[PDB]
């Protein structure tokens, strides 16, 4: 005495109502509908950069950070606005809880497309479950200030674990100018979203 419209279906052989879905796109997790490849973003809140410090120097920066998870890849993006003109190599460090992923350096939130914070443990940014990782490299960056070019240079990134916690360490190299730049890179997480 009732009908079902696709993607709902009714099996008369077992009197059961189902939702049909494409398994490469959607899935069931603990009985609830979910995506196979959700976009999760771990980020500094809007207008709420985190304070970063160049090692033990009295040199600081505001950083806006987004860590965008697609499939098992993380796209890491940072916008760094250093306060102090410097010559040399600055070391910027981001520390994350090695079990939960929680940023210990500064305030980060898992933020949906809605603009609302999501109740998601941020394990999805951790490179390995075993707390072992080799990943490092360099990206080209351009330092500027107030819309004026200052320098074409580079920034290293390195992913490590120390004392059980996950670290992303960035080293910018400057000559005379404030370390003010945006850079991104990608890395892989072995932590499945399930």
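Numbering follows the first chain given and starts at 1.
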query	finding
Of 131-139 and 50-58, the one with larger mean CA B-factor	131-139
Stretch exceeding the other in mean C-alpha B-factor - 148-156, 122-130	122-130
Largest Cα B-factor, entry values, listed residues 168, 28, 41, 63	28
Relative C-alpha B-factor of residue 99, binned into the chain's lowest, middle or highest third	highest
Among modelled residues of the same chain, the CA temperature factor third for residue 115	highest
Among modelled residues of the same chain, the CA temperature factor third for residue 9	highest
Third of the chain, ranked by Cα B-factor, where residue 34 sits	lowest
Third of chain Cα B-factors occupied by residue 23	highest
